[PDB]
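Chemist: Got a sequence here, can you model it:
(chains A, B, C, D and E, ligands or ions: 5)
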Amino acid sequence: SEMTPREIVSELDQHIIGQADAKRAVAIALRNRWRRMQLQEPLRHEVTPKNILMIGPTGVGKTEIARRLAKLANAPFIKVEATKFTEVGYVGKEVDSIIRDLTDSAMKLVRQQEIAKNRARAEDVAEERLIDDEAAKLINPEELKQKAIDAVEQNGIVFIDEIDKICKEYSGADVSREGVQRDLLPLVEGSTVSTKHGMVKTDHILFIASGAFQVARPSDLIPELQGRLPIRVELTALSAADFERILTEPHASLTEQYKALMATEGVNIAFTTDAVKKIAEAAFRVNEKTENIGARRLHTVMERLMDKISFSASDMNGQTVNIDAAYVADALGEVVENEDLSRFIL
Amino acid sequence: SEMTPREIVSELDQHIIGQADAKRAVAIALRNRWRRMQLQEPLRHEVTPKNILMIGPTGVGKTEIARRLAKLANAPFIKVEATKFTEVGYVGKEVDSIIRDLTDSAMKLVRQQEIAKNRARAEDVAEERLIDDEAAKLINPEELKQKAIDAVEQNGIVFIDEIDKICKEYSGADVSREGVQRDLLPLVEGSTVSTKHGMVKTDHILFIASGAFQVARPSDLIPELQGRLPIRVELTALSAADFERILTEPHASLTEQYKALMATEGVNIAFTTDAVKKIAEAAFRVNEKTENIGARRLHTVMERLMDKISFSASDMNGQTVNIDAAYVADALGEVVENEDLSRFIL
Amino acid sequence: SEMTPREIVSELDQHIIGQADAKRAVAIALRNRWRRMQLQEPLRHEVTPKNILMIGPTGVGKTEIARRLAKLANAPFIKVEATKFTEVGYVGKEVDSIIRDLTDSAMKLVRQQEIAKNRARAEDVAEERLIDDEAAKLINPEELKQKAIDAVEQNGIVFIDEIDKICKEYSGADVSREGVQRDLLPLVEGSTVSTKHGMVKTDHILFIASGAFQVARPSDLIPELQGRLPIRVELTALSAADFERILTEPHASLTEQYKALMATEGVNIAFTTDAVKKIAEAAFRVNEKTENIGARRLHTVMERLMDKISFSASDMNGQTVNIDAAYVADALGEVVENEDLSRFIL
Amino acid sequence: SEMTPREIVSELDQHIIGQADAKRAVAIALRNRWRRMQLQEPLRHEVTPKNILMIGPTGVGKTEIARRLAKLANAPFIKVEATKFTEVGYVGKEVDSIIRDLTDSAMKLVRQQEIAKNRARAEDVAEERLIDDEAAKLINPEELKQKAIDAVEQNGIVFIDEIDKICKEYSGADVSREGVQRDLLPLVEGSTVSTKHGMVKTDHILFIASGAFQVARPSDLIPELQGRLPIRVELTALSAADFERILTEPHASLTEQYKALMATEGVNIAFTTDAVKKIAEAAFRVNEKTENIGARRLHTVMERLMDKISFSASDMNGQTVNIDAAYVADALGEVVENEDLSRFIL
Amino acid sequence: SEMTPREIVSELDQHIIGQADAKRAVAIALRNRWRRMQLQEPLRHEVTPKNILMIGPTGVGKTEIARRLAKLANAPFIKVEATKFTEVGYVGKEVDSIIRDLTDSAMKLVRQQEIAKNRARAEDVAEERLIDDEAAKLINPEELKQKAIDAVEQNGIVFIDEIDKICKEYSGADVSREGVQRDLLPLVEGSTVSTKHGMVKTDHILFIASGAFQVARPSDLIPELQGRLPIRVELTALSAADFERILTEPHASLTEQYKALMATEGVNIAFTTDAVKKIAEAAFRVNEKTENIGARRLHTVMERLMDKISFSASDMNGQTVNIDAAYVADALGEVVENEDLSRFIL
Ligand SMILES: Nc1ncnc2c1ncn2[C@@H]1O[C@H](COP(=O)(O)OP(=O)(O)O)[C@@H](O)[C@H]1O
Ligand SMILES: Nc1ncnc2c1ncn2[C@@H]1O[C@H](COP(=O)(O)OP(=O)(O)O)[C@@H](O)[C@H]1O
Ligand SMILES: Nc1ncnc2c1ncn2[C@@H]1O[C@H](COP(=O)(O)OP(=O)(O)O)[C@@H](O)[C@H]1O
Ligand SMILES: Nc1ncnc2c1ncn2[C@@H]1O[C@H](COP(=O)(O)OP(=O)(O)O)[C@@H](O)[C@H]1O
Ligand SMILES: Nc1ncnc2c1ncn2[C@@H]1O[C@H](COP(=O)(O)OP(=O)(O)O)[C@@H](O)[C@H]1O
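Modeler: Numbering: from 1, shown residues only, chains lettered A, B, ... in the order given. Ligands and ions are numbered 1, 2, ... in the order given. Here you go, the structure:
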């Protein structure tokens, strides 16, 4: 879109904490599409998407960045687990499923983005002949699908997750993984796929493949894929401090959410500064003491925390609960420094 | 629904004995949907379902709670065995089957809940032009399916059974299970699925995954799933006393049922207090002496018990059988303290 | 149906010899459906079918009882080999096939039971405008399928054969069987299935699972299945005496059949008492000397017996063959005390 | 087409650097089709396509040549990974997929090449009865598909990639690969395939199979395939000098592209001669120090290079960045002589 | 057809060099169909096709003979690799594919053989109401398909290639091959198959199965197949002399082809007698020095030969190149006595 690299980042800055290199990466990739548009044929179709290979540990924001990037760009998205195409069988759906999925969404993107767009006459004409039975106007599936197929073709964004899980001495008698990248190839290399909405050409689709690559290295990917993964960016682990921010700065952060949800019951809750430090500290503490699952750890802990309130807020209309460091210390309790429990409870 | 956490529990209290933590868990999860509704965009679609991971031994009420929760919430339900997606093949139906199944039910929920709802004119108009051929009015599959797709989207409840049976040194050369949670992922992570009733978006579906986790621990689930299993609740084994209650308090308990069914033959049966103690005692006794299958044990024993009466009630019209501790002791007999039989008969 | 437990048994008594416990079992199960009907909501849908687990050796009448039970109850039946769902592949038809099969039959049951029922006008209206082209009246597939889907739903009877062949140390590295009971589960646990005749709900279907259980024990079935197999009944082996009765009492016994078939050629045959003893004695004798295949053994022996007559009855119009103990002794001959032959000839 | 061997090469010369033998090869193959046309029946259908077996290391231009050849000949193309047909399963799409794919493209080639061709009346008739709803004229799918099926039949070009990966002592217990060439056979040997656009006959299709053949030798292919791979041509590795040219001579070379894309932001960038030498030198340097992935290496390096500018060009409107050898040395930096990084970053 | 055995052979003599026994074999088989026609029912349908088992080394003309036989008999043909039905899977198309394929061709044989046959009015009626839109007349798919299904039924010719590759101590634990001949059986044994053009009955189809049988012997085929392979004929290897003839006598021999193709560029080329000897000598020389691939060897060598001319003929309009033994010696060169190259270049 007309949005500039620095603008895209600010937008992302409002949802993801840290991971600047990554933000910068998706921004360039995205902006590059605005630049291509400006060019003229042949050079226009000539230039291919600047795909990205994010390299980072689970829970640092890899998917989030892509999802958000997609939203801010009003573009058809789609996440997919690379591993999906290896499980003994492959007798379900191949790589084309991705393009189909993505194509469906593109329609569902011009739809809702139309039934409530060019409908500058959902009144004064809907009835008087209520509404509802009005949406079925000006549609024209011949025009609807067109822009949809045009959407995926010009803006689609496929997120290939855990791609490092299909690389590569008894561990060598298995090269099927390489045969996978092979079937994945045509998509990134550009090609045409049949869909119930027409024929979409994956030629200008933006691909974002992430992966821990703790086992393998990007250089182990088949040459064809390395060539089509121009941008290499690495994400970093999150510090307890990062959790502290994520817990409240990102729009719709967890504290904002619980605060809003309880307000619904008529309960005004508040988070003491120290309390947020203790929360994020707990999340981090558990992650290093056991399996570090990144920022996700924040989910189970924040739920364990708001457990009590979350049940009886109904009974507490008109009160103001102040979640201070104590309320936390207690609500959590033994569960953190106790690995036996944490592996279940959190 | 408008029902509050404490109300949902009372409702459940009338069907399930014990397992409070679990009741509390599903109530919060359910209520949270009423709260979300109250919020405003973006925060509305922003908030995701508070999925649950029940951890408990077979026969304690895990499925029941979910089924009941679904009923009390007039919501599309669906149970499914996680193991189902691993059996050598997968050449039948993938994870999308769940969403489709669930979607079908949603229709069948707005249907019966309509053919006998807005039909405030199934008379005075049905005939006089009997009924029956009247139901085919005001329907409008364009509106019928809409709310249906809207139902699964806003209220659907998927119950993933035995999920601990797809986790994870010769026992390590098998990671297919992890590839399963992978394919299960998109559903819980929100996404769109095609169905004969339109396109349902799993984004706001409530997921309840239970599991013994005697083999593995929740922490062994792929990180993405842990993150999406916010609420962790644990159910407890049932004491013989619990059987004693289940045998008569839950609405439509087994004694209520047999009493009603025999009344049909004109036989009024009655259960002596001690007799119910002896029944539940037998159920429990067998469970610890052999394979403890929880409350299910009550089924075969109660059937062994009502065996005799259940056959000749027809012949006994107008009588009143009093099932006392003796009648039980006898009706059961050697079969309990005799493992050779119990493994067959009970 | 309106038939009482004692009546159902008398009916069965006219087709099956012995196996009273089993007869009693299916009768209770069947009658229980008449009782449920009488109840009122909720308790009506609340009560589930009293499924049966027959435990017995091959050839004693397990399937027969179920088939007969089905007939006497004018209910949609269906037998199916549990093993069917394990054979390397499963790339044909899953558990839903059962419900579909069963649903088809239900239609084919309201059909023939209609084309010749409400057709109180297959004359005086069929022609005069022969018949035949008349059956295509009053049908109305919208009403036809309805009762059909209603039939399977309220009366269907699935017979799961050899279920003990999907249970459970090198013999333990195979748990697929358990994954089978898993896929079988939803059916017995009640659920909805799509069919070319509408959507049938397996909730009130009567299930009869039989099995030798010489290898495994019922207690080895997954807990969920034990819980749904309330009634446990055991069938006994058949004595030579039992063969003697089966050979002539059951309606359409083998002697009745051959007698009728030969009458067709104009040959009136008769069975000497001793001859029937010798026949059944042969059947039994072979069964213990080699592989005991129960009452089936009676088929090959009775055919070996009527071999000669069965060919030239045509030539024997107006005669009266008397099959006495001698005729038998001879017709059979060496073939019985000679294992080399019996394993081929009988 | 009317283009002569020497003309085709000049055309290719403008896109591919080096690889003359290969250029010569595709030119002969292509021209041969113009010659065949001139002949008369029978000799016309008698002469078969002069298929090619390119033998060369990854990254030297094998696919490019074929793609370009296809473009210059306005012919339906299609690349496909031979390995694709071996991965455990084959339960997706066989060799016919190739012909179908290729056939689709042929339509999509007469389409765009028509909606904007014989449309010498997309005005003066489109409206006045804007345009758009005009394209749906003179089409006639009966004529559209015809030429399409005629296109693939007379001009189609299938590019079979990595064919040396399906040849052939524990490494001999696997001959499935040979069974692959077997299924691939009919296509090259000429035959008919069903497609949603009619029936295409692969008889006159031009096949280009490439392969490293570092493992196996062409002579190891099944005899039938050797016979149908008339032209054998070998491509050479690329020297750093070759990278230097590729970096700027081929139409739409990478420097041309970045220069154009930045111009979009209002930034006029320039590449110092030495800077291009240093760039190509880096690409080559990394390739020999680690995994040599041919010219592809140029992608990640050129992206690492334009990283900084590519982000803030927006901020730099009206400036003129001069990328000299220094700017490069710096922009790249440690990343090249440092293998730990290169395997990730480049 | 009306053609006699000696006539069929002369026809073949004009395309295949040598292999008389084989020519004789297909002629008898073919003529036998003319004789059957003359007979009267029942003896007419009574007589089955005299199928053939060609036994010979690759490259001697086995397929050619069958293809040619098919052409001269204006009959639906079809080659198919027996191995095709064994490759792990069989989840694509079974033996019926053959009959379907063959049936398609039969239509495509009455089609082109009609659109330009009974069309004695593709003018004087096509326009004047140009042509083209005329072909769609008198067709009548009800008559078109009829003769087509009649074609395959009465004239179809299936060529089963490499059948010796599905026969038969660790090499014995694999009998799947025998199960293949089993599935192949019904076809040769006569039967009916469904097709989009109706139901074709394989009863009178002519089958030609060839095979090296260097591994196994015909006698190893399942008995049923031996019985249906009446005619056993053996083909011989080709001498360098045979190559010399093939190089110029068969209609549309390779020298005829290149001569014609170059004439297109305005270049009149000529082959010195000795030059043809040297060419064929090279083909043979390479075949014995490395892998003997029969006459195919002639393809790569003749292409290596005409390489130079084939490129610049364009530049040589009006010249007359004389390919003498020298031109050859040179054009080939080291490549023949050098195995390292031959295995690539030739
Ligand atoms: N830097 C970050 N800023 C905000 N939220 C984050 C960040 N890193 C992780 N998260 C949160 O943690 C979860 C991480 O999942 P995701 O973004 O897909 O990344 P990854 O795939 O690397 O685990 C999401 O719920 C996201 O909101
Ligand atoms: N706490 C309880 N209260 C009432 N019934 C119970 C309870 N626990 C188990 N049951 C009965 O036992 C069976 C248990 O199955 P279910 O509820 O699915 O739980 P689980 O999956 O843990 O075995 C059901 O028939 C249910 O009625
Ligand atoms: N008790 C019996 N009374 C009458 N017929 C019997 C009896 N037992 C077996 N049979 C006959 O033997 C065969 C037994 O098969 P079936 O009834 O399916 O039982 P099972 O599956 O235990 O072998 C049937 O043909 C049936 O007529
Ligand atoms: N000789 C060359 N001239 C121009 N570009 C080349 C050359 N060799 C390789 N490339 C570039 O490198 C990549 C090589 O891929 P491709 O042409 O498919 O060949 P290969 O399959 O041998 O790797 C393409 O992006 C192409 O532009
Ligand atoms: N006797 C022959 N006469 C003419 N051409 C032959 C002869 N033998 C082989 N060929 C040529 O060599 C190739 C051999 O393939 P084919 O005829 O299928 O036999 P095979 O399957 O035994 O290799 C064909 O291109 C054919 O023209």
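
Chemist: going forward, measure contacts between C-alpha atoms and count neighbours the same way
Modeler: Fine.

Chemist: what residue is smack in the middle of chain A?
Modeler: For chain A, the residue nearest the mean C-alpha position is residue A:67 (3.1 Å; CA atoms, centre = their mean).

Chemist: near ligand 1, anything from the helix or strand that residue falls within?
Modeler: Secondary structure from DSSP states H and E places residue A:67 in helix A:62-72. Yes. Judged by CA under 6 Å from any ligand atom, helix A:62-72 comes into contact with ligand 1 at A:62, A:63, A:64.

Chemist: between these, which has the most around it?
Modeler: If you count neighbours using other CA atoms under 10 Å in any protein chain shown, the busiest of those is residue A:62, which has 25 neighbours.

Chemist: interface residues of chain A facing chain D?
Modeler: Residues of chain A lying close to chain D by CA under 8 Å from any CA of the partner chain are A:4-6, A:24, A:27-28, A:32, A:35-36, A:38-39, A:43, A:46-47, A:88-91, A:93-94, A:176, A:179, A:182-183, A:186, A:192, A:217-219, A:223-224, A:226-233.

Chemist: hmm, try it at 7 Å
Modeler: Proximity of chain A to chain D (CA under 7 Å from any CA of the partner chain) is limited to residues A:4-5, A:28, A:35-36, A:38, A:43, A:89-91, A:176, A:179, A:182-183, A:217-219, A:223, A:227, A:230-232.

Chemist: From ligand 4, how far off is the closest residue in space to residue A:43 that isn't next to it in sequence?
Modeler: In space, and not counting its chain neighbours, residue A:43 is closest to residue D:252: 6.3 Å by CA to CA, 6 or more residues apart in numbering or on different chains. As for residue D:252, its distance to ligand 4 is 10 Å (criterion: CA to the nearest ligand atom, to the nearest Å).

Chemist: What ranges does chain A have for its strands?
Modeler: Counting by DSSP state E, the segments of chain A that form strands are A:52-55, A:79-81, A:157-161, A:192-195, A:198-201, A:206-211, A:231-234, A:270-271, A:322-323.

Chemist: now the helices for the stretch 101-250 of chain A?
Modeler: Remark: helices assigned in the stretch 101-250 of chain A by DSSP state H, counting those that start in this stretch are A:141-155, A:176-188, A:223-227, A:240-246.

Chemist: Show me how far the helix holding residue A:67 is from its chain's centre.
Modeler: Relative to its chain's centre, helix A:62-72 lies at 5 Å (CA atoms, centre = their mean, to the nearest Å).

Chemist: Can you check what angle separates that helix from helix A:141-155?
Modeler: Angle of helix A:62-72 versus helix A:141-155, following axes from the mean of the first three to the mean of the last three CA atoms, to 10 degrees, is 130 degrees.

Chemist: my read: residue A:206 touches residue A:158, true?
Modeler: Yes. Using CA atoms under 7 Å as the test, residue A:206 is close enough to residue A:158 to be in contact (6.4 Å).

Chemist: Could you pull up the contacting residues of residue A:4?
Modeler: Residue A:4 is in contact with A:31, D:314, counting by CA atoms under 7 Å, 6 or more residues apart in numbering or on different chains.

Chemist: and residue A:264, what are its phi and psi?
Modeler: phi -60, psi -30 (degrees, to the nearest 10).

Chemist: and it, how many neighbours?
Modeler: The number of residues packed near residue A:264 is 20, by other CA under 10 Å.

Chemist: That one and chain B: what is the separation?
Modeler: 6 Å (CA to the nearest CA, to the nearest Å).

Chemist: mind listing what the closest residue to chain E within chain A touches?
Modeler: Ranked by CA to the nearest CA, the top residue of chain A for proximity to chain E is residue A:91, at 9.8 Å. By CA under 7 Å, 6+ apart, the contact set of residue A:91 is B:91, D:91, D:92.

Chemist: Please list the residues of chain A that sit near ligand 4.
Modeler: Taking CA under 6 Å from any ligand atom, no part of chain A reaches ligand 4.

Chemist: on that earlier part again, could you dump the strands of chain A into JSON lines with distance to residue E:116 added?
Modeler: Converted to JSON lines, these look like this (distance: least, CA to CA, whole Å):
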{"stretch": "strand A:52-55", "distance to residue E:116": "58"}
{"stretch": "strand A:79-81", "distance to residue E:116": "54"}
{"stretch": "strand A:157-161", "distance to residue E:116": "52"}
{"stretch": "strand A:192-195", "distance to residue E:116": "35"}
{"stretch": "strand A:198-201", "distance to residue E:116": "36"}
{"stretch": "strand A:206-211", "distance to residue E:116": "51"}
{"stretch": "strand A:231-234", "distance to residue E:116": "59"}
{"stretch": "strand A:270-271", "distance to residue E:116": "88"}
{"stretch": "strand A:322-323", "distance to residue E:116": "90"}
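
Chemist: Residue E:18: which of the ones you listed is closest?
Modeler: Across those, residue E:18 has its closest neighbour in strand A:192-195 (48.8 Å, CA to CA).

Chemist: in the closest one, what counts as buried?
Modeler: Residues A:192, A:193, A:195 are the ones in strand A:192-195 that count as buried (16 or more other CA atoms under 10 Å in any protein chain shown).

Chemist: what's it packed up against?
Modeler: Secondary-structure packing of strand A:192-195 (3 or more CA pairs under 7 Å, 6 or more residues apart in numbering or on different chains; DSSP states H and E): strand A:198-201.

Chemist: The strand it packs on packs against which elements?
Modeler: Under the contact definition 3+ CA pairs under 7 Å, 6+ apart, strand A:198-201 sits against helix A:141-155, strand A:192-195.

Chemist: who's in contact with the last one?
Modeler: The contact list for strand A:192-195, computed with CA under 7 Å, 6+ apart, reads A:96, A:100, A:199, A:200, A:201, A:202.

Chemist: Check the burial of residue A:105 by counting its neighbours.
Modeler: 21.

Chemist: how about the nearest residue to it once chain neighbours are set aside, what does it touch?
Modeler: Nearest residue to residue A:105, sequence neighbours excluded (CA to CA, 6+ apart): residue A:76, at 5.8 Å. Applying CA under 7 Å, 6+ apart to residue A:76 gives the contacts A:70, A:102, A:105, A:106, A:152, A:155, A:156, A:157.

Chemist: Swap in 8 Å and give it another go.
Modeler: Counting by CA atoms under 8 Å, 6 or more residues apart in numbering or on different chains, residue A:76 touches A:70, A:102, A:103, A:105, A:106, A:109, A:151, A:152, A:155, A:156, A:157.

Chemist: Buried ones from those residues, can you make that a ChimeraX selection?
Modeler: With 16+ other CA under 10 Å as the criterion, this ChimeraX line picks the buried residues out of the contacts of residue A:76:
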select /A:70,102,103,105,106,109,151,152,155,156,157
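
Chemist: so which of the contacts of residue A:76 are also by ligand 3?
Modeler: Of the contacts of residue A:76, not one also sits near ligand 3 (CA under 6 Å from any ligand atom).

Chemist: Excluding chain neighbours, what is closest to residue A:287?
Modeler: Leaving aside its chain neighbours, residue A:287 sits nearest to residue A:293 (6.3 Å; criterion: CA to CA, 6+ apart).

Chemist: The one you found reaches residue A:58, doesn't it?
Modeler: Yes. Assessed by CA atoms under 8 Å, residue A:293 is found in contact with residue A:58 at 6.1 Å.

Chemist: For the stretch 1-150 of chain A, which residues are neighbours of chain B?
Modeler: A:58, A:80, A:81, A:83, A:84, A:87, A:88, A:89, A:91, A:92, A:105.

Chemist: so which residue of the stretch 51-200 of chain A comes closest to ligand 2?
Modeler: The nearest approach of the stretch 51-200 of chain A to ligand 2 comes at residue A:87, 28.3 Å away (CA to the nearest ligand atom).
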